Amino acid sequence: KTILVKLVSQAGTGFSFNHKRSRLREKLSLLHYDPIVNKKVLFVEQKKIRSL
Amino acid sequence: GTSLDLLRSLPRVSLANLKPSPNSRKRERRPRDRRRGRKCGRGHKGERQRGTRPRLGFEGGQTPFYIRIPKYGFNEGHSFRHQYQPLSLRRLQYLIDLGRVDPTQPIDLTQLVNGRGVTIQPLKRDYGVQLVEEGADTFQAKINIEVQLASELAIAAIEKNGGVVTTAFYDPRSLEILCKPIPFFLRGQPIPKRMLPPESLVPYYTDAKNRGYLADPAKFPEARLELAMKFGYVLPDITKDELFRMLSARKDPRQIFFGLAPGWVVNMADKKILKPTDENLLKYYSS
Amino acid sequence: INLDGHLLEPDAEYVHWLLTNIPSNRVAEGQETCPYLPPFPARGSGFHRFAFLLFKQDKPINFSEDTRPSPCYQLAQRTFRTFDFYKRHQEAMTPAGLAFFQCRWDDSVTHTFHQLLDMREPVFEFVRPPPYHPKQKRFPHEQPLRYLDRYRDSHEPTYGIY
Amino acid sequence: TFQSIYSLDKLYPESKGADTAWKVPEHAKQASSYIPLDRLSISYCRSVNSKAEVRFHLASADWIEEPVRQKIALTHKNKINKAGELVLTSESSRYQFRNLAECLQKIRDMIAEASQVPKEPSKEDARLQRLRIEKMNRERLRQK
Amino acid sequence: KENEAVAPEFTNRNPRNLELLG
Amino acid sequence: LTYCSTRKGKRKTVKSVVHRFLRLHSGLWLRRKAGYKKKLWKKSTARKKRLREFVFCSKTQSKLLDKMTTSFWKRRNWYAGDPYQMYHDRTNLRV
RNA sequence: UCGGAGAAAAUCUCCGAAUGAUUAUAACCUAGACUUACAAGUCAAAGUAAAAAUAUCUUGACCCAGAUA
Ligand SMILES: [Mg+2]
Ligand SMILES: [Mg+2]
Ligand SMILES: [Mg+2]
Ligand SMILES: [Mg+2]
């Protein structure tokens, strides 16, 4: 029904956090706080972790 | 005293008159009388009464407390971590005051241990002494000391008075010989060499700011001056000092004892020091 | 009057200057019982409120007990409390005017404390009570490692007998 | 004296002198803004932390250059005693060695910040806004 | 000097004191 | 627990305690929180913060762990640069 | 096993959850507390940092295996 994905920061850091999306909805992307950069940056989905 | 006068009057002390100090011994209770007999303190019949209650930590069949907690590396490598006994300038001053550490000659870990000032335990991973700043404000002695670790403020206290502090590394085998030299001379073996620090500790002992024994001597005067300015004291020129030779005395980085070279044998019974002559054995030790 | 001041005494109020027997609008004709002192609010003591009060003078009364030695730079003497003063002359004194300002500390205050008051200037700071901590326990069950820091006094290591 | 391949002489051939480490650096009391310890008077009051007080006369002191002295007096007037001496203290440790260290260090910072012009005003802190806003109201009312 | 006498604790009575301080 | 060993005749440490808890010389024990690495995606941010912390043990739990370990684990260890150097003693404790 | 409603808290009368979609993406740190055998579970001032405050509505330990950096 839904899946657990790994949004990865596009700021060049390796920071990533897991989110949920609907199998039907398009690939996700969000603005989120990167502690290493201390700024808001785009996080784009790269890999699936599990189907929840 | 008046107590001894009482003995004069009283009858002779003898094996028939002995008595222990009052309350020195408790009385043990056998399970014989009605009070302590019968069920004998164990309760009514059951597992705990027959003596077969489960092991310590068992909680009746739920995952015990000491098993449901995540395993975490608090104690990883504990047996391999290095331990440095702490010596405070209060203890150092107190030892000097009562004559237990002579300041005239250089102070090394042998002298500190020899004066019962510190207790070293190589078996429990002691690798030397670290100087502790505590007591610096009241420290007013001029001494030459070698300690495996030292602190910035601890160094300042020693140098401000005009003393010398250097940091030297002793390997696990060398330290045991250093701490108890005589229980070694009695074996009958030649004095071993002192091994160099491990790669991790090399930077610490090759740095002037830490007064490393392998550090560049030319770089010390700059380090001594910067410390003096920071702590608001005037660096004293120790070359003019009468006992400069004693203050500057330092053993070779491959030497354990001041006047004993590696490879010699100490015949304590005959008050002699056998020394080798072979070339390969002399090259081994002089390396 | 400064209302709030008198470093030593809490319930007091210095008189910066009191003109007496002021005849009519004109003020140069008043008897200068007290010369003019510049405002001297101590540093870090907040906003001191100063007020200018005028009494209706019925009959000429000599305020000899209120006259002050001019110049008066012995601040201690400036101690004063209106109620007692008004009570003395309440028969012939009835207030009719008000004007009050509040002032902070300033560099001129340092000049007043030194040049003429001739004393070291006091400095005050706003101090809060220490935070509340429940009584320390031998076993702080389920409490984080920060627990031990809350009850320590010195931030530096000690070594005791070592 | 026994020597080995790892003796300091062999490891560091250039500095083979016996007294190389135990000499005192030549000069160096002029460069790096050396503070003359003798001029300052240092008193230790045991407030537990041992408070340290470094007091010197700003204007009379000659080691500080005159242009700096004027800037320091204006910027740090609050620390100047009635006698004209600059009184700075610290009570942040149980060791007077450390306490004096910040006292001496604070002097060095003062000279530098007074020696180096602080062109940047930086952002306006809320306290500065409160001071500015209340100050502006004074002018409007003062316009009489 | 009697002038130098200062109470250890100040007692600023101005009701708007703390509010103005913020 | 082994109270008297066949070879040495001593008690034995339970190496499950040694791998889970840290003992401060004063007598306290530190532990982690069970589940702090599990299913973090469905845990609230506040919940995760609570899990990451190092926590103390109760009096009875400490009494049990003292029984399960030997004296060697209760000695005073002088590690250079220890990050628990200041937590091995109690200060201002009247109780 | 846990949650919602009645009896009204001891056994009885009923519904649901092993999520779901929405989304502003919701940080770090730290007083004092709730709950609780243990274990797990709640709320949160102050400070700092991002932005220009906000996540809204209705759950399984340890060990052991993995994945990427
Ligand atoms: Mg018996
Ligand atoms: Mg020991
Ligand atoms: Mg609990
Ligand atoms: Mg807040």
# chains A, B, ... in the order shown; residues from 1 in each chain; ligands from 1
call {"tool": "residues_near_ligand", "arguments": {"ligand": "ligand 4", "cutoff": "8 Å", "atoms": "only C-alpha atoms (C1' of nucleotides) and all ligand atoms", "output": "number ranges by chain"}}
result
G: 45-47
call {"tool": "write_last_selection", "arguments": {"atoms": "N, CA and C atoms (P, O5', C5', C4', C3', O3' and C1' of nucleotides)", "output": "PDB file, in the first residue's frame"}}
result
ATOM      1  P     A G  45       8.113  23.943  25.777  1.00  0.00           P
ATOM      2  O5'   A G  45       8.593  25.086  26.773  1.00  0.00           O
ATOM      3  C5'   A G  45       7.665  26.013  27.315  1.00  0.00           C
ATOM      4  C4'   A G  45       8.270  26.786  28.455  1.00  0.00           C
ATOM      5  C3'   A G  45       9.540  27.553  28.132  1.00  0.00           C
ATOM      6  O3'   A G  45       9.297  28.788  27.485  1.00  0.00           O
ATOM      7  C1'   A G  45       9.858  26.334  30.120  1.00  0.00           C
ATOM      8  P     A G  46      10.233  29.246  26.263  1.00  0.00           P
ATOM      9  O5'   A G  46      11.669  29.406  26.931  1.00  0.00           O
ATOM     10  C5'   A G  46      11.856  30.268  28.043  1.00  0.00           C
ATOM     11  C4'   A G  46      13.225  30.109  28.653  1.00  0.00           C
ATOM     12  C3'   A G  46      14.395  30.160  27.684  1.00  0.00           C
ATOM     13  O3'   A G  46      14.765  31.477  27.322  1.00  0.00           O
ATOM     14  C1'   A G  46      14.649  28.301  29.100  1.00  0.00           C
ATOM     15  P     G G  47      15.065  31.829  25.786  1.00  0.00           P
ATOM     16  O5'   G G  47      16.474  31.144  25.503  1.00  0.00           O
ATOM     17  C5'   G G  47      17.620  31.492  26.264  1.00  0.00           C
ATOM     18  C4'   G G  47      18.792  30.605  25.933  1.00  0.00           C
ATOM     19  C3'   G G  47      19.132  30.473  24.456  1.00  0.00           C
ATOM     20  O3'   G G  47      19.884  31.560  23.949  1.00  0.00           O
ATOM     21  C1'   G G  47      19.049  28.332  25.414  1.00  0.00           C
TER      22        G G  47
END
call {"tool": "residues_around", "arguments": {"residues": "region 81-91 of chain D", "least_positions_apart": "4", "cutoff": "9 Å", "atoms": "only C-alpha atoms (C1' of nucleotides)", "output": "ChimeraX atom specification"}}
result
/C:110,114,119-121 /D:47,49-59,73,76-77,96,99-100,102-103,106-107
call {"tool": "residues_around", "arguments": {"residues": "region 46-60 of chain F", "least_positions_apart": "5", "cutoff": "6 Å", "atoms": "only C-alpha atoms (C1' of nucleotides)", "output": "list in words"}}
result
residues 139, 141, 142, 143, 144 and 145 of chain C; 29, 30, 31, 32, 33 and 36 of chain F
call {"tool": "write_last_selection", "arguments": {"atoms": "N, CA and C atoms", "output": "PDB file, in the first residue's frame"}}
result
ATOM      1  N   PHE C 139      20.518   6.960  44.392  1.00  0.00           N
ATOM      2  CA  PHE C 139      20.254   6.236  43.150  1.00  0.00           C
ATOM      3  C   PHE C 139      19.260   7.023  42.310  1.00  0.00           C
ATOM      4  N   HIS C 141      17.224   6.823  39.810  1.00  0.00           N
ATOM      5  CA  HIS C 141      16.688   5.817  38.908  1.00  0.00           C
ATOM      6  C   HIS C 141      16.063   6.469  37.683  1.00  0.00           C
ATOM      7  N   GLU C 142      16.451   5.979  36.508  1.00  0.00           N
ATOM      8  CA  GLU C 142      15.881   6.384  35.227  1.00  0.00           C
ATOM      9  C   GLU C 142      16.209   7.834  34.874  1.00  0.00           C
ATOM     10  N   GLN C 143      17.207   8.442  35.536  1.00  0.00           N
ATOM     11  CA  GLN C 143      17.551   9.813  35.190  1.00  0.00           C
ATOM     12  C   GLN C 143      18.806   9.849  34.323  1.00  0.00           C
ATOM     13  N   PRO C 144      18.899  10.787  33.378  1.00  0.00           N
ATOM     14  CA  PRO C 144      20.037  10.781  32.449  1.00  0.00           C
ATOM     15  C   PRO C 144      21.355  11.149  33.111  1.00  0.00           C
ATOM     16  N   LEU C 145      22.447  11.082  32.345  1.00  0.00           N
ATOM     17  CA  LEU C 145      23.767  11.370  32.895  1.00  0.00           C
ATOM     18  C   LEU C 145      23.907  12.821  33.338  1.00  0.00           C
TER      19      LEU C 145
ATOM     20  N   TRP F  29      25.262   2.678  38.144  1.00  0.00           N
ATOM     21  CA  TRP F  29      25.365   1.921  36.907  1.00  0.00           C
ATOM     22  C   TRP F  29      24.648   2.674  35.797  1.00  0.00           C
ATOM     23  N   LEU F  30      25.263   2.718  34.620  1.00  0.00           N
ATOM     24  CA  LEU F  30      24.667   3.328  33.443  1.00  0.00           C
ATOM     25  C   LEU F  30      24.213   2.245  32.476  1.00  0.00           C
ATOM     26  N   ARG F  31      23.167   2.549  31.712  1.00  0.00           N
ATOM     27  CA  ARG F  31      22.681   1.635  30.690  1.00  0.00           C
ATOM     28  C   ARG F  31      22.092   2.439  29.540  1.00  0.00           C
ATOM     29  N   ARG F  32      21.780   1.736  28.456  1.00  0.00           N
ATOM     30  CA  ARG F  32      21.016   2.305  27.361  1.00  0.00           C
ATOM     31  C   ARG F  32      19.539   1.980  27.550  1.00  0.00           C
ATOM     32  N   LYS F  33      18.713   2.449  26.622  1.00  0.00           N
ATOM     33  CA  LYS F  33      17.280   2.202  26.648  1.00  0.00           C
ATOM     34  C   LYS F  33      16.939   1.165  25.591  1.00  0.00           C
ATOM     35  N   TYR F  36      16.339   1.470  21.312  1.00  0.00           N
ATOM     36  CA  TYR F  36      16.773   2.759  20.789  1.00  0.00           C
ATOM     37  C   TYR F  36      17.300   2.672  19.362  1.00  0.00           C
TER      38      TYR F  36
END
call {"tool": "interface_residues", "arguments": {"of": "chain G", "to": "chain C", "cutoff": "12 Å", "atoms": "only C-alpha atoms (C1' of nucleotides)", "output": "PDB file with N, CA, C and O atoms (P, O5', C5', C4', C3', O3' and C1' of nucleotides), in the first residue's frame"}}
result
ATOM      1  P     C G  29      21.290  16.414  20.778  1.00  0.00           P
ATOM      2  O5'   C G  29      21.800  17.788  21.392  1.00  0.00           O
ATOM      3  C5'   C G  29      22.113  17.892  22.767  1.00  0.00           C
ATOM      4  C4'   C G  29      21.668  19.210  23.342  1.00  0.00           C
ATOM      5  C3'   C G  29      21.107  19.155  24.748  1.00  0.00           C
ATOM      6  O3'   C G  29      22.117  19.060  25.732  1.00  0.00           O
ATOM      7  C1'   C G  29      19.736  20.527  23.399  1.00  0.00           C
ATOM      8  P     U G  30      21.958  18.023  26.942  1.00  0.00           P
ATOM      9  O5'   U G  30      20.984  18.784  27.943  1.00  0.00           O
ATOM     10  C5'   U G  30      21.333  20.064  28.444  1.00  0.00           C
ATOM     11  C4'   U G  30      20.131  20.798  28.974  1.00  0.00           C
ATOM     12  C3'   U G  30      19.364  20.103  30.080  1.00  0.00           C
ATOM     13  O3'   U G  30      19.980  20.234  31.345  1.00  0.00           O
ATOM     14  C1'   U G  30      17.848  20.950  28.481  1.00  0.00           C
ATOM     15  P     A G  31      19.364  19.473  32.615  1.00  0.00           P
ATOM     16  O5'   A G  31      18.381  20.548  33.246  1.00  0.00           O
ATOM     17  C5'   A G  31      17.287  20.146  34.049  1.00  0.00           C
ATOM     18  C4'   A G  31      16.595  21.332  34.665  1.00  0.00           C
ATOM     19  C3'   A G  31      15.472  21.006  35.629  1.00  0.00           C
ATOM     20  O3'   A G  31      15.953  20.666  36.916  1.00  0.00           O
ATOM     21  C1'   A G  31      14.776  22.709  34.142  1.00  0.00           C
ATOM     22  P     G G  32      15.570  19.253  37.571  1.00  0.00           P
ATOM     23  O5'   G G  32      14.012  19.382  37.856  1.00  0.00           O
ATOM     24  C5'   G G  32      13.481  20.523  38.509  1.00  0.00           C
ATOM     25  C4'   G G  32      12.007  20.669  38.234  1.00  0.00           C
ATOM     26  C3'   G G  32      11.173  19.424  38.470  1.00  0.00           C
ATOM     27  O3'   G G  32      10.840  19.252  39.835  1.00  0.00           O
ATOM     28  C1'   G G  32      10.606  20.375  36.378  1.00  0.00           C
ATOM     29  P     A G  33      10.443  17.802  40.397  1.00  0.00           P
ATOM     30  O5'   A G  33       8.915  17.651  39.986  1.00  0.00           O
ATOM     31  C5'   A G  33       8.387  16.404  39.565  1.00  0.00           C
ATOM     32  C4'   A G  33       7.250  16.596  38.595  1.00  0.00           C
ATOM     33  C3'   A G  33       6.487  15.339  38.212  1.00  0.00           C
ATOM     34  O3'   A G  33       5.501  14.985  39.165  1.00  0.00           O
ATOM     35  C1'   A G  33       7.062  16.518  36.258  1.00  0.00           C
ATOM     36  P     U G  36       0.429   4.188  37.329  1.00  0.00           P
ATOM     37  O5'   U G  36       1.806   3.498  36.941  1.00  0.00           O
ATOM     38  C5'   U G  36       1.854   2.477  35.957  1.00  0.00           C
ATOM     39  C4'   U G  36       3.194   1.793  35.953  1.00  0.00           C
ATOM     40  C3'   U G  36       3.712   1.341  37.305  1.00  0.00           C
ATOM     41  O3'   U G  36       3.064   0.174  37.805  1.00  0.00           O
ATOM     42  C1'   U G  36       5.430   2.468  36.167  1.00  0.00           C
ATOM     43  P     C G  38       9.236   0.251  38.411  1.00  0.00           P
ATOM     44  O5'   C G  38      10.103  -0.899  37.742  1.00  0.00           O
ATOM     45  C5'   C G  38      11.367  -1.274  38.263  1.00  0.00           C
ATOM     46  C4'   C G  38      11.970  -2.385  37.448  1.00  0.00           C
ATOM     47  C3'   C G  38      12.176  -2.075  35.975  1.00  0.00           C
ATOM     48  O3'   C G  38      13.364  -1.345  35.728  1.00  0.00           O
ATOM     49  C1'   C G  38      11.095  -4.156  36.183  1.00  0.00           C
ATOM     50  P     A G  39      13.349  -0.082  34.742  1.00  0.00           P
ATOM     51  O5'   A G  39      12.956  -0.704  33.331  1.00  0.00           O
ATOM     52  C5'   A G  39      13.773  -1.686  32.710  1.00  0.00           C
ATOM     53  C4'   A G  39      13.060  -2.356  31.562  1.00  0.00           C
ATOM     54  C3'   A G  39      12.462  -1.430  30.518  1.00  0.00           C
ATOM     55  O3'   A G  39      13.411  -0.955  29.585  1.00  0.00           O
ATOM     56  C1'   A G  39      10.861  -3.038  31.129  1.00  0.00           C
ATOM     57  P     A G  46      10.233  29.246  26.263  1.00  0.00           P
ATOM     58  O5'   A G  46      11.669  29.406  26.931  1.00  0.00           O
ATOM     59  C5'   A G  46      11.856  30.268  28.043  1.00  0.00           C
ATOM     60  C4'   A G  46      13.225  30.109  28.653  1.00  0.00           C
ATOM     61  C3'   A G  46      14.395  30.160  27.684  1.00  0.00           C
ATOM     62  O3'   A G  46      14.765  31.477  27.322  1.00  0.00           O
ATOM     63  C1'   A G  46      14.649  28.301  29.100  1.00  0.00           C
TER      64        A G  46
END
call {"tool": "select_by_dssp", "arguments": {"residues": "region 26-143 of chain D", "states": "strand (DSSP E)", "output": "PyMOL selection string"}}
result
chain D and resi 41-45+51-57+85-90
call {"tool": "write_last_selection", "arguments": {"atoms": "C-alpha atoms", "output": "compact mmCIF listing (two decimals), in the first residue's frame"}}
result
# COMPACT_ATOMS: atom_id res chain seq x y z
CA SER D 41 50.22 45.07 40.45
CA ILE D 42 48.60 41.67 41.02
CA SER D 43 46.56 40.90 44.14
CA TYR D 44 44.85 37.62 45.01
CA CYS D 45 41.64 37.83 47.04
CA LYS D 51 39.73 35.90 42.63
CA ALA D 52 42.57 37.68 40.83
CA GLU D 53 42.86 41.44 40.31
CA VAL D 54 45.20 43.11 37.80
CA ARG D 55 45.14 46.89 38.29
CA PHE D 56 47.31 49.41 36.44
CA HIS D 57 47.10 53.11 35.62
CA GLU D 85 43.58 52.68 37.33
CA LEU D 86 42.03 50.00 35.11
CA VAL D 87 40.67 47.25 37.38
CA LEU D 88 39.82 43.91 35.76
CA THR D 89 39.19 40.68 37.65
CA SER D 90 38.27 37.03 37.17
call {"tool": "interface_residues", "arguments": {"of": "chain F", "to": "chain A", "cutoff": "12 Å", "atoms": "only C-alpha atoms", "output": "PyMOL selection string"}}
result
chain F and resi 39-43
call {"tool": "atom_distance", "arguments": {"atom1": "CA of residue 61 (chain B)", "atom2": "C1' of residue 41 (chain G)"}}
result
22.7 Å
call {"tool": "closest_residue", "arguments": {"among": "C:42, C:95, C:85, C:162", "to": "ligand 2", "atoms": "only C-alpha atoms and all ligand atoms"}}
result
C:162
call {"tool": "select_by_dssp", "arguments": {"residues": "chain E", "states": "helix (DSSP H, G or I)", "output": "list in words"}}
result
residues 2, 3, 4, 17, 18, 19, 20 and 21 of chain E
call {"tool": "closest_residue", "arguments": {"among": "C:47, C:159, C:73, C:83", "to": "residue 34 (chain C)", "atoms": "only C-alpha atoms"}}
result
C:73
call {"tool": "interface_residues", "arguments": {"of": "chain F", "to": "chain B", "cutoff": "7 Å", "atoms": "only C-alpha atoms", "output": "count of residues only"}}
result
14
call {"tool": "residues_around", "arguments": {"residues": "residue 11 (chain D)", "least_positions_apart": "3", "cutoff": "9 Å", "atoms": "only C-alpha atoms (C1' of nucleotides)", "output": "PDB file with C-alpha atoms, in the first residue's frame"}}
result
ATOM      1  CA  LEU B 214      62.039  12.783  21.998  1.00  0.00           C
ATOM      2  CA  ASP B 216      63.475  18.821  19.402  1.00  0.00           C
TER       3      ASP B 216
ATOM      4  CA  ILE D   5      71.265   5.830  17.920  1.00  0.00           C
ATOM      5  CA  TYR D   6      68.182   7.568  19.359  1.00  0.00           C
ATOM      6  CA  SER D   7      70.056  10.077  21.521  1.00  0.00           C
ATOM      7  CA  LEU D   8      68.877  13.649  21.063  1.00  0.00           C
TER       8      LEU D   8
END
call {"tool": "interface_residues", "arguments": {"of": "chain C", "to": "chain B", "cutoff": "12 Å", "atoms": "only C-alpha atoms", "output": "ChimeraX atom specification"}}
result
/C:156-162
call {"tool": "write_last_selection", "arguments": {"atoms": "C-alpha atoms", "output": "short mmCIF file (atom, residue, chain, number, x, y, z; two decimals), in the first residue's frame"}}
result
data_model
loop_
_atom_site.label_atom_id
_atom_site.label_comp_id
_atom_site.auth_asym_id
_atom_site.auth_seq_id
_atom_site.Cartn_x
_atom_site.Cartn_y
_atom_site.Cartn_z
CA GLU C 156 37.10 21.32 37.47
CA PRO C 157 38.36 17.86 38.47
CA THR C 158 39.62 17.13 41.96
CA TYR C 159 41.96 14.32 42.95
CA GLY C 160 41.70 14.15 46.74
CA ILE C 161 44.41 12.06 48.34
CA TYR C 162 46.18 11.56 44.99
#
call {"tool": "residues_near_ligand", "arguments": {"ligand": "ligand 1", "cutoff": "10 Å", "atoms": "only C-alpha atoms (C1' of nucleotides) and all ligand atoms", "output": "number ranges by chain"}}
result
B: 28-31
call {"tool": "interface_residues", "arguments": {"of": "chain F", "to": "chain G", "cutoff": "9 Å", "atoms": "only C-alpha atoms (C1' of nucleotides)", "output": "mmCIF file with N, CA and C atoms, in the first residue's frame"}}
result
data_model
loop_
_atom_site.group_PDB
_atom_site.id
_atom_site.type_symbol
_atom_site.label_atom_id
_atom_site.label_comp_id
_atom_site.auth_asym_id
_atom_site.auth_seq_id
_atom_site.Cartn_x
_atom_site.Cartn_y
_atom_site.Cartn_z
ATOM 1 N N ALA F 34 16.202 0.135 25.995
ATOM 2 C CA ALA F 34 15.862 -0.943 25.079
ATOM 3 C C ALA F 34 15.023 -0.414 23.926
ATOM 4 N N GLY F 35 15.423 -0.761 22.707
ATOM 5 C CA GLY F 35 14.706 -0.343 21.526
ATOM 6 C C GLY F 35 15.193 0.936 20.888
ATOM 7 N N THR F 45 9.777 12.114 17.415
ATOM 8 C CA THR F 45 11.075 12.747 17.614
ATOM 9 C C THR F 45 11.410 12.858 19.096
ATOM 10 N N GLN F 61 18.389 -2.924 41.134
ATOM 11 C CA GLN F 61 19.115 -3.336 39.939
ATOM 12 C C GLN F 61 20.617 -3.233 40.153
#
call {"tool": "closest_residue", "arguments": {"among": "C:97, C:69, C:44, C:130", "to": "chain D", "atoms": "only C-alpha atoms"}}
result
C:44
call {"tool": "residues_near_ligand", "arguments": {"ligand": "ligand 2", "cutoff": "7 Å", "atoms": "only C-alpha atoms (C1' of nucleotides) and all ligand atoms", "output": "list in words"}}
result
residues 119, 120 and 121 of chain B
call {"tool": "interface_residues", "arguments": {"of": "chain E", "to": "chain C", "cutoff": "7 Å", "atoms": "only C-alpha atoms", "output": "list in words"}}
result
residues 2, 3, 4, 5, 6, 7, 10, 11, 12, 13, 14, 17 and 21 of chain E
call {"tool": "decode", "arguments": {"residues": "region 10-28 of chain A", "atoms": "N, CA and C atoms", "output": "PDB file, in the first residue's frame"}}
result
ATOM      1  N   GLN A  10      20.499  16.553  -1.305  1.00  0.00           N
ATOM      2  CA  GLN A  10      21.174  16.919  -2.540  1.00  0.00           C
ATOM      3  C   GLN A  10      22.190  18.032  -2.333  1.00  0.00           C
ATOM      4  N   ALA A  11      22.490  18.373  -1.083  1.00  0.00           N
ATOM      5  CA  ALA A  11      23.484  19.390  -0.768  1.00  0.00           C
ATOM      6  C   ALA A  11      24.909  18.861  -0.833  1.00  0.00           C
ATOM      7  N   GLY A  12      25.098  17.607  -1.240  1.00  0.00           N
ATOM      8  CA  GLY A  12      26.405  16.992  -1.274  1.00  0.00           C
ATOM      9  C   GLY A  12      26.778  16.246  -0.014  1.00  0.00           C
ATOM     10  N   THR A  13      26.043  16.446   1.074  1.00  0.00           N
ATOM     11  CA  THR A  13      26.248  15.674   2.285  1.00  0.00           C
ATOM     12  C   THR A  13      25.586  14.307   2.148  1.00  0.00           C
ATOM     13  N   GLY A  14      26.027  13.372   2.980  1.00  0.00           N
ATOM     14  CA  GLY A  14      25.434  12.055   3.021  1.00  0.00           C
ATOM     15  C   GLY A  14      24.211  11.948   3.897  1.00  0.00           C
ATOM     16  N   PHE A  15      23.746  13.063   4.457  1.00  0.00           N
ATOM     17  CA  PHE A  15      22.615  13.027   5.372  1.00  0.00           C
ATOM     18  C   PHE A  15      21.378  12.486   4.668  1.00  0.00           C
ATOM     19  N   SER A  16      20.686  11.562   5.330  1.00  0.00           N
ATOM     20  CA  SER A  16      19.465  10.980   4.800  1.00  0.00           C
ATOM     21  C   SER A  16      18.518  10.664   5.947  1.00  0.00           C
ATOM     22  N   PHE A  17      17.222  10.708   5.652  1.00  0.00           N
ATOM     23  CA  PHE A  17      16.197  10.331   6.610  1.00  0.00           C
ATOM     24  C   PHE A  17      15.080   9.609   5.873  1.00  0.00           C
ATOM     25  N   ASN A  18      14.390   8.731   6.593  1.00  0.00           N
ATOM     26  CA  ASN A  18      13.398   7.851   5.994  1.00  0.00           C
ATOM     27  C   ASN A  18      12.011   8.474   6.066  1.00  0.00           C
ATOM     28  N   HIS A  19      11.228   8.268   5.010  1.00  0.00           N
ATOM     29  CA  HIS A  19       9.873   8.787   4.931  1.00  0.00           C
ATOM     30  C   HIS A  19       8.978   7.732   4.295  1.00  0.00           C
ATOM     31  N   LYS A  20       7.678   8.011   4.288  1.00  0.00           N
ATOM     32  CA  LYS A  20       6.679   7.130   3.704  1.00  0.00           C
ATOM     33  C   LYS A  20       6.046   7.791   2.487  1.00  0.00           C
ATOM     34  N   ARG A  21       5.787   6.991   1.457  1.00  0.00           N
ATOM     35  CA  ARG A  21       5.066   7.449   0.280  1.00  0.00           C
ATOM     36  C   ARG A  21       4.065   6.380  -0.128  1.00  0.00           C
ATOM     37  N   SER A  22       3.096   6.786  -0.943  1.00  0.00           N
ATOM     38  CA  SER A  22       2.103   5.868  -1.479  1.00  0.00           C
ATOM     39  C   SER A  22       2.616   5.284  -2.787  1.00  0.00           C
ATOM     40  N   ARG A  23       2.490   3.962  -2.933  1.00  0.00           N
ATOM     41  CA  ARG A  23       3.011   3.296  -4.123  1.00  0.00           C
ATOM     42  C   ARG A  23       2.538   3.972  -5.402  1.00  0.00           C
ATOM     43  N   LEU A  24       1.361   4.598  -5.371  1.00  0.00           N
ATOM     44  CA  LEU A  24       0.838   5.258  -6.561  1.00  0.00           C
ATOM     45  C   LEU A  24       1.470   6.629  -6.766  1.00  0.00           C
ATOM     46  N   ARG A  25       1.704   7.366  -5.683  1.00  0.00           N
ATOM     47  CA  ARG A  25       2.220   8.723  -5.802  1.00  0.00           C
ATOM     48  C   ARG A  25       3.606   8.713  -6.435  1.00  0.00           C
ATOM     49  N   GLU A  26       3.929   9.801  -7.130  1.00  0.00           N
ATOM     50  CA  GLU A  26       5.216   9.914  -7.796  1.00  0.00           C
ATOM     51  C   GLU A  26       6.348   9.898  -6.770  1.00  0.00           C
ATOM     52  N   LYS A  27       7.577   9.813  -7.275  1.00  0.00           N
ATOM     53  CA  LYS A  27       8.734   9.870  -6.395  1.00  0.00           C
ATOM     54  C   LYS A  27       8.740  11.191  -5.636  1.00  0.00           C
ATOM     55  N   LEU A  28       9.208  11.136  -4.395  1.00  0.00           N
ATOM     56  CA  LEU A  28       9.058  12.235  -3.456  1.00  0.00           C
ATOM     57  C   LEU A  28      10.289  13.133  -3.451  1.00  0.00           C
TER      58      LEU A  28
END
